[PDB]
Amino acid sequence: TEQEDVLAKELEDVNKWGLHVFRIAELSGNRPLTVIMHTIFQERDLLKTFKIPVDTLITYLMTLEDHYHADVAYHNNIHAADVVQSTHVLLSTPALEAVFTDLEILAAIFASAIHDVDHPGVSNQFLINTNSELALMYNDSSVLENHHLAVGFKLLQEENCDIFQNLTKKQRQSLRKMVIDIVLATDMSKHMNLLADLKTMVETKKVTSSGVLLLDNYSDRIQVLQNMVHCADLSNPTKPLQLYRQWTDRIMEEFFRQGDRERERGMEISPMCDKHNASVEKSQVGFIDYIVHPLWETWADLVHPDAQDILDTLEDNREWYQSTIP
């Protein structure tokens, strides 16, 4: 109960950017995804709203969590938990108050939970280049992201795992489509097009009498949710530095392990995957400059000024990593 009370204490920070997610992973007995999802569902009253039996939720979450690979350094259950919690915070931004329905909120959070499930710790390109069963199944197109969806949905049909059992047929249909649209948008090959569309929305932005975003069609609604979960997926450099550095340690380990597999096969080693020739700090600065900051700056514009502190942290972290280079 002492460890249980300390875990309960930590989970009180679930509405905050910079939650101690690694501490939660250890305190929960390597069940960060389960406890964070359960906490968020309680916080948002989702069990009552969708008549989700508590035991069904926990059973599904435990099985979902099990299907993340404990031996993968970055794309594991802790990352899933982190993206879920980050999405949860982004959904609560003042500029979006009362914009999304309960079903849309459920879709975004569920999509976040399943978005990397059964990740093998290697990239789409590696899977394509090595003629893997996954690339063959999915015809080289969003290979992993299709797989994550397939696994996430299939696990609902396991014993006592259908958390959506009390949704209407129309609700289930809508949720399934939304979840697919969201998880496929986490494929980095879609990033530039997603960002271009987000910029267009920002430039043509409309707000209600309340000062909240006006979204009156599926296309705009789903686009915001896609970019939201994508922002959450790309949120590591916006977190307090002690968290960001741990995420960087993990992605580099994962990248280096892929590079070792490429080396052992006699393949050319992918960018940033050679442990004997890798500039970790320069690569983080490039990652921020070319990908993460352009996205988060546009998100910040969409919800201005709600995300200013997040954007400020990102800029501080870029400066920090940059400062280690000279």
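For clarity, a rigid core is taken as the largest C-alpha set superposing within 1.5 Å between two forms. Note that residue numbering begins at 1 and tracks the sequence as displayed.
For the pair 125-133 and 106-114, rigid core superposition yields a higher RMS C-alpha distance in 6 other deposited structures of this protein in 125-133. With every structure aligned by its rigid core, 206-214 is the stretch of 206-214 and 154-162 whose CA positions lie farther away in 6 other deposited structures of this protein. On average the C-alpha atoms of 258-266 have higher B-factors than those of the other stretch, with 41-49 and 258-266 being the two compared. For the segment pair 116-124 and 202-210, the entry gives 202-210 the higher mean B-factor, averaged over Cα atoms. Ranking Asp233, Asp181, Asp187, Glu159 by Cα temperature factor from the entry places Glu159 first. When the C-alpha B-factors of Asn227, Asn131, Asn77, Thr248 are ranked from the entry, the top spot goes to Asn131.
Among the modelled residues of its chain, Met272 has a C-alpha B-factor that falls in the highest third according to the deposited record.
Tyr218: CA B factor in the highest third of modelled residues in this chain (values from the PDB entry).
Among the modelled residues of the chain, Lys239 sits in the lowest third by CA temperature factor in this PDB entry. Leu33: CA B factor in the lowest third of modelled residues in this chain (values from the PDB entry). Among all modelled residues in this chain, the alpha-carbon of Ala150 has a temperature factor (C-alpha) in the lowest third.
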